[PDB]
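Asks: These protein sequence lines are chains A9, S8, AA, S7, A6 and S3, in that order. The first sequence maps to residues 1 to 186, 195 to 252, 281 to 323 in the entry's author numbering. Using the entry's author numbering, the first residue of the second sequence is number 1, and each one after it goes up by one. Using the entry's author numbering, the first residue of the third sequence is number 5, and each one after it goes up by one. Using the entry's author numbering, the first residue of the fourth sequence is number 24, and each one after it goes up by one. Using the entry's author numbering, the first residue of the fifth sequence is number 14, and each one after it goes up by one. Using the entry's author numbering, the first residue of the sixth sequence is number 7, and each one after it goes up by one. Virtual Cβ for every residue (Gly too), placed ideally from N, Cα, C.
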Amino acid sequence: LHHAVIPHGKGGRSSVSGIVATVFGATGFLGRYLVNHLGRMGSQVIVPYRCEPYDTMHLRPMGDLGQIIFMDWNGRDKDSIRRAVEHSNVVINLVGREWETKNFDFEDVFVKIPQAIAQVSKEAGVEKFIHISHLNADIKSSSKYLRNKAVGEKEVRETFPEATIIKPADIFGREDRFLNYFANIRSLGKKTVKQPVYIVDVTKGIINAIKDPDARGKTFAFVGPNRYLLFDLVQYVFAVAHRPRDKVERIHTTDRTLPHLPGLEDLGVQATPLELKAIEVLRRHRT
Amino acid sequence: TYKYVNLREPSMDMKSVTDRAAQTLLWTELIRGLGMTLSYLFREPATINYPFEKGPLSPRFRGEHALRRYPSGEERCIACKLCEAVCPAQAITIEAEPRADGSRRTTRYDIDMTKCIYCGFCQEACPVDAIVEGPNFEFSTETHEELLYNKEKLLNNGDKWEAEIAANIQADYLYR
Amino acid sequence: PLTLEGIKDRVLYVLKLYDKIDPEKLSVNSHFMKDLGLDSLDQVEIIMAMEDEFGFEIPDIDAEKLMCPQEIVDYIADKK
Amino acid sequence: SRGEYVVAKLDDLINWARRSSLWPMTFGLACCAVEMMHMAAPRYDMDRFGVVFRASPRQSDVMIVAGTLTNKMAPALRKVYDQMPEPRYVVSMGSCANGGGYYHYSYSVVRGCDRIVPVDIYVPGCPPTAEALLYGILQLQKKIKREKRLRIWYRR
Amino acid sequence: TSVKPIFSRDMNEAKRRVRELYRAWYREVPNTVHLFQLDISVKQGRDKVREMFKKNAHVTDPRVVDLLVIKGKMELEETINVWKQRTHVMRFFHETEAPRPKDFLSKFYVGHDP
Amino acid sequence: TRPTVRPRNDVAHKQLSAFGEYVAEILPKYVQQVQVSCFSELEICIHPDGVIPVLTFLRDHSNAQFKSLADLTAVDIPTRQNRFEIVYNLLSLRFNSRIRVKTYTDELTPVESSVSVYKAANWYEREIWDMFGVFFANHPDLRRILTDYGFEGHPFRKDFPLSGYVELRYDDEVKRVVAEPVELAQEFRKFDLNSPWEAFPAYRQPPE
Ligand SMILES: NC(=O)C1=CN([C@@H]2O[C@H](COP(=O)(O)OP(=O)(O)OC[C@H]3O[C@@H](n4cnc5c(N)ncnc54)[C@H](OP(=O)(O)O)[C@@H]3O)[C@@H](O)[C@H]2O)C=CC1
Ligand code: SF4
Ligand code: SF4
Ligand code: SF4
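In structure tokens form, the structure reads like this:
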């Protein structure tokens with residue numbers, strides 16, 4: 001490989017680190033934290049957006065002077081995507097709206113988007129492609145979401161086989177979805201056992217796996233440290249917060293471990309519990 | 001010599017004290033202030049229509065950081081490092097090499113637009129008037145990458161005009 | 005209801021309530037500093053912990069002069 | 024496609040409504056604040072562009088970071104930045120503020136305000152002449168003219 | 014050789030003032046971690062405080078101990094007021110890496126740090 | 007020699023010479039140097055024990071009033087064991103004259119905190135404590151003013167380099183601003199400008 005891709009000196013603030021990362025998404029939650037930790041590492045991030053430049057503007061100054069770069073992409077043409085992945089060391093695929101739109105279903109984003117980008121990637125010659133997935137996305141019922149993700153999982157596994165297929169559990173953090181829905185309540197009470205995993209251990213694991221070679225080919229799954237009932241967790245949320281259909285079905289659907297695939301322990305990162313970060317993040321209550 | 005203030009007394013004569021009482025109970029010099037401000041109301045205000053009328057200047061403004069060149073000739077700079085020796089925020093960066101001809105020249109001539117305080121010392125220090133502070137001041141740049149000039153940007157910016165620069169220098173090569 | 009033995013029992017269970025002491029191992033001649041492997045940092049921790057427990061301010065030189073469980077109990081029996 | 028027609032016309036109307044007045048807050052640490060008050064002067068106007076100088080942070084459309092940002096300044100600067108409505112824009116004025124500048128090699132100084140808040144419009148100079156700053160606010164208005172938020176919302 | 018010390022006569026008064034200063038820091042911590050709306054357990058903060066005390070235990074010169082006591086008293090005043098913000102208090106902590114260990118081979122990969 | 011070179015008055019030189027000789031004779035306990043430059047501004051160089059007695063003398067006595075207090079700094083001179091130089095500067099309201107009370111001091115032993123007789127010296131002494139570390143025993147309040155709180159190093163020393171050791175940046179990891187070891191974007195180049203060839207023959211020190 002050519003120079004100025006090799007690491008240089010210490011880390012942080014335009015110290016030339018290893019990877020040059022083409023990121024799809026990154027305007028959402030986990031991609032934004034991932035660009036944040038690569039900027040702490042000091043890695044050049046090529047991100048295309050499709051929206052207004054104001055969103056990429058308020059996530060712009062994360063990098064140093066001119067490190068990260070912004071361009072355009074679309075979910076239709078191979079030319080713009082291929083132009084975005086002309087010269088890339090690594091590439092990560094994070095995309096998905098949790099409700100169907102006018103022009104996109106749960107189908108063909110999770111299906112059609114990894115097809116074309118994996119096509120131009122394998123014709124391009126990229127390495128360490130990391131594709132996210134939701135945990136326990138099966139061929140089984142109850143979610144067009146989960147079954148289209150399982151189809152995308154089979155696609156990314158079949159074509160370009162040495163992709164890191166990665167999956168966390170349902171993550172919580174500063175801009176969580178399900179804890180926000182726990183705040184945005186009213195009610196109903198069911199039973200489901202569930203393990204929550206905090207977001208920064210997930211993205212620390214992703215950046216460590218993407219900067220550490222020889223850990224490729226294997227799909228990974230991230231584990232919550234507690235793994236107890238959902239309704240006890242809702243009581244915990246109301247207690248710490250001082251106040252007394282697709283999303284609720286997809287949190288009541290399935291939460292299990294899988295003994296097949298390796299997780300946190302083959303990476304060497306400390307797990308932050310639910311309780312500490314939940315007390316940290318449960319602000320914005322009555323006084 | 002000194003000329004101090006506030007040495008008087010309120011006059012105990014009846015006319016002066018009833019005049020101060022009339023100002024107290026009749027709100028007089030307040031209305032005098034209103035009259036002065038209405039006199040400035042009935043003036044014509046001195047504004048300039050900005051995108052059409054641009055404000056006046058001098059022939060010796062310090063703007064663009066443009067370069068010059070010889071009459072139908074090569075680059076005026078020698079890379080003699082005087083501007084980087086005088087640059088009080090060290091924004092000049094010169095790395096010099098000679099080319100295949102033999103005359104000494106450059107490789108890299110960078111101005112940091114962040115650090116440039118716009119003194120004029122690199123203009124006064126240049127023995128051949130290679131770098132010249134330019135005439136126009138419109139940078140307004142949306143990205144921080146684009147505010148770091150290269151030598152080729154300076155040559156394009158010196159070849160977008162010389163006639164302004166030549167007119168200003170030819171008017172005022174006698175003061176400096 | 006404020007005798008020497010009730011104060012010694014409440015000092016006993018707050019010595020149980022302190023975490024790093026392993027085990028309690030109470031004695032009238034215990035000297036938990038060096039015979040039990042503790043620090044003067046932990047000495048001043050325990051002294052102002054008793055201050056936090058049940059009363060008066062216990063200033064610096066009297067905090068230094070104790071170094072011992074029963075001597076703490078007797079100093080409180082002097083002061084309270 | 025009169026749906027797209029109504030989207031484009033309504034987006035033009037709302038974005039012209041945004042870029043019409045744009046009353047700022049003048050943060051203004053050092054002598055760049057004096058040059059901002061000199062584009063508040065009677066010659067270079069601000070009434071003409073709907074631009075009302077106003078110390079209120081709660082209603083700040085754009086914010087003109089000017090002066091010299093320091094380490095002691097920066098958390099208070101971002102606390103000023105937080106209590107501010109989410110449609111917001113930033114003009115970094117001054118060589119000190121847009122990259123460290125003359126105090127670039129120093130301690131106690133953040134190397135430009137890029138390391139605290141995002142920057143839409145850089146305007147350099149020492150001081151950036153009030154004429155040039157007013158030009159920078161015009162190119163800010165043209166950035167507001169190109170924003171296509173409602174286009175992205177309709178075809179999202 | 015005439016040297017005028019600050020407060021000290023032997024290290025007994027040094028021990029006395031530093032244990033009283035540590036008592037002041039102990040009753041200083043929970044009020045501040047409640048006031049600044051912080052995000053750290055009290056055990057971790059107190060253990061980092063006593064770790065910072067145990068860092069400089071290798072000093073026997075009494076003038077240096079006096080000057081350490083005066084510096085710690087200054088910052089205890091400036092944190093018992095509301096003069097120092099959230100930034101400086103978190104700056105005492107290290108939650109942003111800074112991951113650098115002291116292994117030989119780790120410094121041999123990311124090289125030129127002997 | 008007369009045009010464009012500033013002429014002087016020997017009369018003021020003789021006046022300050024006689025006055026400094028007088029002060030040196032009548033406070034013998036602490037006077038070490040009384041030096042007068044070419045342009046007649048007095049310097050009195052003092053052991054670090056007579057701070058309070060000499061300043062109580064120089065505030066009063068109706069022969070040297072000198073109520074006006076100015077700068078305090080302790081010019082960092084290495085190649086000495088007494089490094090720092092506390093420079094009192096005094097101006098007379100009655101006599102229109104400037105005297106520089108230079109007392110010498112080391113790193114760790116305090117001079118005696120001139121705020122007792124000079125109410126202008128309070129934030130001056132706090133500034134010197136913040137930037138250097140010259141301790142001031144018998145002082146009301148010593149704090150860090152003109153520095154950051156969490157910053158330390160006493161930066162106006164010569165041992166502290168130009169750039170700081172710490173450098174702030176915001177990060178969205180812990181959602182706040184953190185300090186890091188310094189990562190400069192450029193070198194701060196160092197011009198070896200100390201040219202040879204002895205521009206002043208009068209100020210030659212005797213070599214070995
Ligand atoms: N608990 C959780 O939320 C978990 C989530 N995940 C997965 O992580 C990923 C990121 O999640 P999250 O940040 O919460 O969600 P987002 O919707 O915010 O992330 C998706 C990103 O891709 C963009 N995008 C999505 N659909 C389209 C489209 N049709 N056209 C163009 N851009 C599109 C989004 O908006 P924009 O176009 O504006 O950039 C955004 O930038 C998702 O794929 C999710 O399934 C996995 C495990 C747990
Ligand atoms: S002073 Fe002039 S000729 Fe010399 S290096 Fe600078 S620009 Fe070139
Ligand atoms: S005007 Fe700019 S480039 Fe020229 S010497 Fe000054 S700072 Fe350097
Ligand atoms: S850029 Fe110049 S005018 Fe502006 S704050 Fe800095 S020194 Fe002052």
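Pick helix, strand or coil for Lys153 (chain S8), following the three-state DSSP scheme.
Replies: helix
Asks: Using a Cβ cut-off of 9 Å, pull out every chain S3 residue sitting near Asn216 (chain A9), in sequence order please.
Replies: Near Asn216 (chain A9) there are no residues of chain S3 at all, since even the closest Cβ is about 14 Å away, more than 9 Å.
Asks: Jot down the residue ranges of each uninterrupted beta strand (DSSP E) in the region 70-98 of chain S7, minimum 3 residues, whole runs only, in chain order.
Replies: 85-88
Asks: Examine ligand 1 and report whether any of its heavy atoms sits within less than 6 Å of the Cβ of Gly96 (chain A9).
Replies: yes
Asks: Flag this pair as touching only if the region 85-93 of chain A6 and the region 54-69 of chain AA have three or more C-beta atom pairs under 8 Å; answer yes or no.
Replies: no
Asks: Can the beta-carbon of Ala169 (chain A9) be found closer than 7 Å to that of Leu146 (chain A9)?
Replies: no
Asks: Quick one: which residues of the region 173-188 of chain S3 get their C-beta closer than 7 Å to a C-beta of chain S7? List them in chain order.
Replies: Listed by position along the chain: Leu174, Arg175, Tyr176, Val183.
Asks: Would you call the CB atoms of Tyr130 (chain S3) and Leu61 (chain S3) closer than 7 Å?
Replies: no
Asks: Can you find a CB in chain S3 that lies within less than 7 Å of the CB of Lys28 (chain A6)?
Replies: Not one chain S3 Cβ lies under 7 Å of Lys28 (chain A6).
Asks: Taking a contact to mean a Cβ-Cβ separation below 7 Å, would you say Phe106 (chain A9) touches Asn148 (chain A9) in this structure?
Replies: yes
Asks: Is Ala91 (chain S8) close to ligand 3? I mean its beta-carbon at under 6 Å from any heavy atom of the ligand.
Replies: yes
Asks: Enumerate, from N- to C-terminal direction, the unbroken alpha helix (DSSP H) stretches of 4 or more residues contained entirely within the region 55-138 of chain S3.
Replies: 57-64, 127-137
Asks: When the Cα atoms are used, what is the spatial distance from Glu47 (chain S3) to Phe121 (chain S8)?
Replies: 35 Å
Asks: Kindly list, in the order they appear in chain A9, the residues whose Cβ is closer than 8 Å to that of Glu145 (chain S8).
Replies: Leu65, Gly66
Asks: Going by C-alpha distance, which of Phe24 (chain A9), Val35 (chain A9), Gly125 (chain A9) is nearest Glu179 (chain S3)?
Replies: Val35 (chain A9)
Asks: Between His288 (chain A9) and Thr211 (chain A9), is the Cβ-Cβ spacing less than 7 Å?
Replies: no
Asks: Helix, strand or coil for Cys51 (chain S3) per DSSP?
Replies: Here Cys51 (chain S3) carries a strand assignment [DSSP, helix/strand/coil].
Asks: Could you give the residue range of the alpha helix (DSSP H) that holds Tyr109 (chain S8)?
Replies: Per DSSP, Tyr109 (chain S8) belongs to no alpha helix (DSSP H); it is in the beta strand (DSSP E), 108-112.
Asks: For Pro298 (chain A9), which option in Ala229 (chain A9), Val156 (chain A9), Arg40 (chain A9), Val248 (chain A9) has the closest C-alpha, if you only look at C-alpha atoms?
Replies: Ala229 (chain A9)
Asks: Under a CB-based cut-off of 7 Å, is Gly55 (chain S8) close to chain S7?
Replies: Yes, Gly55 (chain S8) counts as interfacial toward chain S7.
Asks: With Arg42 (chain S7) and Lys168 (chain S7) assumed to form a contact (beta carbons below 8 Å), what rounded beta-carbon distance in angstroms separates them?
Replies: 6 Å
Asks: From which residue to which residue does the beta strand (DSSP E) around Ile165 (chain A9) run?
Replies: 164-167
Asks: Residues near ligand 2, CB to any non-hydrogen atom under 6 Å, in chain order?
Replies: Cβ-based neighbours of ligand 2 within the cut-off: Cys77 (chain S8), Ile78 (chain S8), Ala79 (chain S8), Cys80 (chain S8), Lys81 (chain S8), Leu82 (chain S8), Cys83 (chain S8), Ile94 (chain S8), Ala125 (chain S8), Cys126 (chain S8), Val128 (chain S8), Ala130 (chain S8), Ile131 (chain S8).
Asks: From the DSSP output, in three-state form, read off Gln41 (chain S3) for me.
Replies: strand
Asks: Would the beta-carbon of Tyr28 (chain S7) be found less than 6 Å away from any heavy atom of ligand 3?
Replies: no
Asks: For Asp137 (chain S7), which residues in chain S8 fall below 9 Å Cβ to Cβ?
Replies: Listed along the chain, the chain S8 residues whose CB falls inside 9 Å of the CB of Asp137 (chain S7) are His144.
Asks: According to DSSP, is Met107 (chain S7) helix, strand or coil?
Replies: DSSP places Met107 (chain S7) in coil when its eight states are reduced to three.
Asks: Under DSSP, the beta strand (DSSP E) around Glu97 (chain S8) begins and ends at which residues?
Replies: Following the DSSP letters along the chain, one finds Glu97 (chain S8) in no beta strand (DSSP E), marked with neither H nor E.
Asks: Check for me: the alpha helix (DSSP H) holding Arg30 (chain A6) runs from which residue to which?
Replies: 24-39
Asks: Does the Cβ of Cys119 (chain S7) lie closer than 6 Å to at least one heavy atom of ligand 3?
Replies: no
Asks: Taking only runs that begin and end inside the region 288-321 of chain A9, name each unbroken alpha helix (DSSP H) of 4 or more residues, in chain order.
Replies: 310-317
Asks: Classify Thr111 (chain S3) as buried or exposed, calling it buried when 16 or more other Cβ atoms lie within 10 Å of its own Cβ.
Replies: buried
Asks: Comparing the CB of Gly90 (chain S7) with every heavy atom of ligand 4, is any distance shorter than 6 Å?
Replies: yes
Asks: DSSP on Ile215 (chain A9), reduced to helix/strand/coil?
Replies: helix
Asks: Relative to the C-alpha of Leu318 (chain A9), which candidate in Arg186 (chain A9), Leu179 (chain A9), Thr290 (chain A9) has its C-alpha closest?
Replies: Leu179 (chain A9)
Asks: To which residues of the same chain is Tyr112 (chain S7) closer than 6 Å at the C-beta, ignoring the five residues directly before and after it?
Replies: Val85, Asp143
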